[PDB]
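Summary of the model geometry
Below are the chains, spelled out letter by letter.
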Amino acid sequence: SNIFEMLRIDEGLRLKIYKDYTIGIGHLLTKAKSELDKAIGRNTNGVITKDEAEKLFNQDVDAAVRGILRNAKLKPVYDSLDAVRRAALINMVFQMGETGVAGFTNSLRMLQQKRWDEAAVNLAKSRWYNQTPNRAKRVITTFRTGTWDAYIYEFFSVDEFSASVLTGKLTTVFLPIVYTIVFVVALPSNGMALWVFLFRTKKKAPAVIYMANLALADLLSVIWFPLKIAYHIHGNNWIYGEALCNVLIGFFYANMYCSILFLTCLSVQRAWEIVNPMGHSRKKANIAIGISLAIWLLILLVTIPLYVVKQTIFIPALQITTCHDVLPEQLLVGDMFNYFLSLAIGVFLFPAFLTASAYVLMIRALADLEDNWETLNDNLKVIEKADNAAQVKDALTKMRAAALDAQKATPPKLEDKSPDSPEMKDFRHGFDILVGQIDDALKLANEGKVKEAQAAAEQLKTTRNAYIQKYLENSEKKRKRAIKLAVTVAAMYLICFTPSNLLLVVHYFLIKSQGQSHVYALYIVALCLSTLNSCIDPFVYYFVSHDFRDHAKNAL
Ligand SMILES: C[C@@H](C1CCCCC1)n1c(-c2cc3c(cc2Br)OCO3)nc2cc(C(=O)Nc3ccc(C#N)cc3)ccc21
Ligand code: NA
């Protein structure tokens, strides 16, 4: 009588009509007094006996089996199921009626094909699971395992490797310390950066706009850290509600992916202004705003399967309510794996490829412009110290080509200036005057007039400081900031993005493959070190924003 004993645990035993109107052991009356009097045979007046419950429950089971064999969609599955799983099917028919269970056409076909795991997942996403989760879990487990374990042992604790981490000092001492540091450092730093970009930056370039959302993504996550620190200090125990847990989870992964996308935009935008600069600083800004809105809305849509799933679970053995750290429904690991594998490819690797190659083109272009300005001054310094006509004509020729290449290059100042603008035409014209004078010294150098061409070098010095040096004065300083910028971003990927996304796939891959993951400790440290991006983000603003440097230095 295992089926009879199983149902008693699910339906309970009550001798009075109660709201789930039912009575006895899961005997449905109506959707109640009149339906009970003719079912028993007498006027029970709402209260039945302990003996009449058993007699009516034993008849409900015999009828639940007859309907199964009567049904053309329930009989073949029932004939394929082992006696343990047969009770689970009868448990559903006992609860949802013959017709209700017959609606699960796809899962019943899976159960017939002995695919217990696939059938379990299908049953986990239904109104049945939504209305009675604890009830459905026990029945679903009976299908998946084929044992009575779901009714013998109630949930008590997680795996040993997780239970030690959730009670160890790594989570209860190390994490809140690191999180506290980030809060003190990242909140006012990004707080001031957002202030500078909005109320102190009067350029409003596409770079400022991307950095403003970067600081905003930082702020919208760091503000919740006081609740995050308290969570860990008290032994990974959440007492603030399920909705507020899913908020922190949402804003955590949001800043995680906004940072990557806004890093790719900034890096590409700043690289694009050097290779092929344009001249619509007002339109390119509006575009950059729209791109930010598109990114902001795209992440709001992609973090939906994080807002809406149960992310809290009470662990009896630990007496704590964990947020995020433990997955309440171990049947969704298949969905979780694909989800974080999609993001790791399309929102991690793909933006990393565009981010890395952007600095490849950016640094090289800034390195070439540096070499031109250096070849110019060096060859101009040789002429004043060369005696033979060979070194004079040779230095003039190398200086000529150096100025012809710098003419095609974008000056550090005219970044948002289009190549057809007057500013660019005056820049190039400054070289046309210089190049012409080099030909006037080459005219003498090629006509054998050695010393007369050396005197022209002093004339070339005047043209350098007047028309050229003004634009290329601090081009080597701009290259150094770009290199440091490439280093800052590379470090942010090496510490905050790559360990998280890599382990996120590995973590859910092992729970899907073995039911436990030994990288659980690394998974937690990865997620912890991922929050450092908002502490490294101020270094990005320092190397990109010029107005932010002023407010950074003046403050300290
Ligand atoms: C557009 C922004 C705002 C920018 C203005 C300050 C409020 C945030 N935003 C972000 C966000 C926050 C971020 C971020 C990226 C995003 Br897309 O980076 C770090 O912080 N998450 C957001 C979430 C919501 C909502 O009601 N959801 C929601 C509610 C119920 C259910 C169910 N069932 C599912 C989802 C609304 C705006 C959100
Ligand atoms: Na960030």
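Residues numbered from 1 in each chain as written, not as in the entry; some residues may be left out. Chains lettered and ligands numbered in written order. Heavy atoms only, no water.

Method of determination for the deposited model, per the PDB record: X-ray crystallography, at 3.600 Å resolution.

Here is the rule: UniProt positions are given in the numbering used here, feature names are shortened, and annotations may be inferred rather than shown by experiment.
In UniProt, the chain has this text filed under Subunit: "Interacts with TLR4, COPS5 and TMED2. Interacts with GNAQ, GNA11, GNA12, GNA13 and GNA14 (By similarity)." According to the UniProt record, the Sequence similarities comment for the chain is "Belongs to the G-protein coupled receptor 1 family."

1. Looking at the overall build of the chain
Cut-off, in case you're wondering: Under the DSSP-based scheme used, a helix requires at least four consecutive residues in state H or I and a strand at least two consecutive residues in state E, with every element numbered from the N terminus. This radius of gyration counts C-alpha atoms alone. The globule rule is 2.2 Å times how many residues there are, raised to the power 0.38. Summary of the burial criterion: residues with accessible area below 20% of their type's maximum are buried, those above 50% are exposed, and those between are partly exposed, where the area comes from a 1.4 Å probe applied to protein chains only. Residue exposure ignores everything except the shown protein chains as possible cover, and the areas themselves are Shrake-Rupley values with a 1.4 Å probe. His is not counted here, nor are the chain ends, while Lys and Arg score as positive and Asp and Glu score as negative. For this purpose, a charge sits on NZ of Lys, CZ of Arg, CG of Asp or CD of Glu.
Broken down by element type, the chain carries 25 helices and 5 strands. Whereas a compact globule of 556 residues would reach a radius of gyration of roughly 24 Å, the chain reaches 36 Å, over 25% beyond that. A principal-axis box enclosing the C-alpha atoms of the chain has dimensions of 130 × 50 × 40 Å. Relative to its full complement of 556 residues, the chain shows a buried share of 49%. As presented, the chain carries roughly 27,900 Å² of accessible surface, and 59% of it is formed by carbon and sulfur atoms. Treating the 62 positive side-chain charges of the chain as one cloud and the 51 negative ones as another, the clouds have centres 3 Å apart.

2. As for the domain arrangement of the chain
The line we're drawing: As used throughout, domain bounds are those supplied by an automatic or database domain assignment.
Partitioning the chain into domains gives domain 1 (2-152), domain 2 (163-359 + 488-555) and domain 3 (362-476). Between the C-alpha centres of domain 1 and domain 3 the distance comes to 90 Å.

3. Quick word on the site of ligand 1
So the rule is basically this: Near is defined per residue: the residue qualifies when any heavy atom it owns lies within 4 Å of the molecule or strand. Under the rule applied, a polar contact is a pair of N or O atoms within 3.5 Å (in protein, one hydrogen donor and one hydrogen acceptor; residues adjacent in sequence only if both atoms are side-chain atoms).
All residues in the neighbourhood of ligand 1 are listed as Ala217, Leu220, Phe251, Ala254, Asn255, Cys258, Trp296, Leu300, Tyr307 and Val308. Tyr307 places a side-chain nitrogen or oxygen 3.4 Å from a nitrogen atom of ligand 1. When the free accessible area of ligand 1 is taken as 760 Å², the share hidden by the protein chains comes to 58%. Contributing elements (two or more residues each) for the shell around ligand 1: α13 (206-222), α15 (242-275) and α16 (283-302).

4. Digging into the pairing of strand β5 (residues 320-323)
When a strand is regular, its side chains alternate between the sheet's two faces. Spelled out, the test is: Should DSSP find at least two bridges between two strands, the strands are taken to pair.
Neither face of β5 is left uncovered, since the one carrying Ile320 and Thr322 and the one carrying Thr321 and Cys323 both have all their residues buried. Pairing of strand β4 (residues 312-315) with β5, which is carried by 4 bridges, proceeds in the antiparallel orientation. For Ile313, the partnering residue across the bridge sits in β5 and is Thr322. Count of turn residues in the β4/β5 antiparallel hairpin: 4 residues, of which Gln319 carries a positive phi of about 60°.

5. Some words on the coordination of the sodium ion (ligand 2)
Keep this limit in mind: A donor here means an N, O or S atom no more than 2.8 Å from the metal, or no more than 3.2 Å when the metal is Na, K or Ca. Since water is not included, a site may seem to lack partners.
Looking at the sodium ion (ligand 2), the protein donor atoms are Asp218 (OD), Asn255 (OD1), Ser259 (OG), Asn533 (OD1) and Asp537 (OD), and they sit 2.2 to 2.6 Å from it. Between consecutive donors of the sodium ion (ligand 2), the numbers of intervening residues give the motif D-x36-N-x3-S-x273-N-x3-D. Linking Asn255 with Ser259, this pair stays in helix α15, spanning 4 residues, or about one helical turn. The class of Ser259 is buried, set by a relative accessible area of 0%.

6. What to know about the state of the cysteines
The criterion, for reference: The disulfide definition used here is simple: a pair of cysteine sulfur atoms within 2.5 Å.
Within the structure shown, the criterion is met by 1 disulfide. In this model, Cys245 is linked to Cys323 through a disulfide, with the two sulfur atoms separated by 2.0 Å. Residues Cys245 and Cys323 share a disulfide whose torsion about the S-S bond is about 100°; that sign makes it right-handed. Taken together, the positions of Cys245 in helix α15 and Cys323 in strand β5 put the pair 78 residues apart, joining distant regions of the chain. Each member of the pair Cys245 and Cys323 is classed as buried. Looking at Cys265, it has no disulfide partner, and the nearest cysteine sulfur is the one in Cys258, 10 Å off.

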